[PDB]
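Engineer: One structure coming up, written as structure tokens, with questions to follow.
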4 protein chains.
Amino acid sequence: XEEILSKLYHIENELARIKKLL
Amino acid sequence: XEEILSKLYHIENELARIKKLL
Amino acid sequence: XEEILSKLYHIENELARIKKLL
Amino acid sequence: XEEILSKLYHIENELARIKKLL
């Protein structure tokens, strides 16, 4: 489902931004 | 699905902290 | 739901272990 | 709910990396 899926992607993107910093 | 969403808010929030706090 | 919820908790706990390291 | 679970595996995996890699 839509609002769950978007927040999952958002989390993935936050983790992608963190991966980079590290 | 209110529990899953609630946990994803918390997670999202923990990561935006961690983010910033880096 | 059960296997989704456990993995959400697991993630929270990983983030708790990360919070500490940081 | 196979998509949500799949995204949670990926996330879990990204965090155990980040973990370790710290």
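Just so we're on the same page: first chain in the structure tokens is A, next is B, and so on; residues restart at 1 for each chain, and ligands are numbered from 1 in the order they show up.
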Do you have, as CSV, the list of residues of chain A lying at most 12 Å from chain C, each with its nearest atom pair and that distance in Å to one decimal, counting only C-alpha atoms and ordered by chain then number?

Structural biologist:
```
residue,atom,partner,partner_atom,distance
A:8,CA,C:8,CA,11.1
A:11,CA,C:11,CA,11.3
A:15,CA,C:15,CA,11.1
A:18,CA,C:18,CA,11.9
A:22,CA,C:22,CA,11.5
```

Engineer: Next, write the just-selected residues to a file, as a PDB file, in the first residue's frame, keeping C-alpha atoms as the atom set.

Structural biologist:
```pdb
ATOM      1  CA  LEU A   8       9.842   2.576   2.722  1.00  0.00           C
ATOM      2  CA  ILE A  11      13.821   5.293   4.345  1.00  0.00           C
ATOM      3  CA  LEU A  15      19.948   5.194   4.133  1.00  0.00           C
ATOM      4  CA  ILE A  18      23.816   8.007   5.080  1.00  0.00           C
ATOM      5  CA  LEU A  22      29.906   7.363   5.751  1.00  0.00           C
TER       6      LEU A  22
END
```

Engineer: Which residues in chain B does DSSP call helix (DSSP H, G or I)? List them as a PyMOL selection string.

Structural biologist: chain B and resi 2-18

Engineer: Both chains have the same sequence, so superpose chain D on chain B over all Cα atoms paired in order and return it as a CSV table (one decimal) with C-alpha atoms, in the first residue's frame.

Structural biologist:
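To be explicit, this is the file written out as out10.csv:
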```
chain,number,residue,atom,x,y,z
D,1,UNK,CA,-2.0,-1.1,8.7
D,2,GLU,CA,-1.5,1.5,11.3
D,3,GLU,CA,1.1,-0.3,13.4
D,4,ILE,CA,3.4,-0.8,10.4
D,5,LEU,CA,3.1,2.8,9.5
D,6,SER,CA,3.7,3.9,13.1
D,7,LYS,CA,6.9,1.9,13.2
D,8,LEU,CA,8.0,3.4,9.8
D,9,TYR,CA,7.5,6.9,11.2
D,10,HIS,CA,9.6,6.1,14.2
D,11,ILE,CA,12.3,4.5,12.0
D,12,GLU,CA,12.2,7.4,9.5
D,13,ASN,CA,12.5,9.7,12.5
D,14,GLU,CA,15.5,7.8,14.1
D,15,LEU,CA,17.3,8.0,10.6
D,16,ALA,CA,16.8,11.7,10.0
D,17,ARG,CA,18.3,12.2,13.6
D,18,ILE,CA,21.2,9.9,12.8
D,19,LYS,CA,21.5,11.8,9.5
D,20,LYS,CA,21.9,15.4,10.7
D,21,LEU,CA,23.9,14.0,13.9
D,22,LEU,CA,26.6,13.2,11.3
```
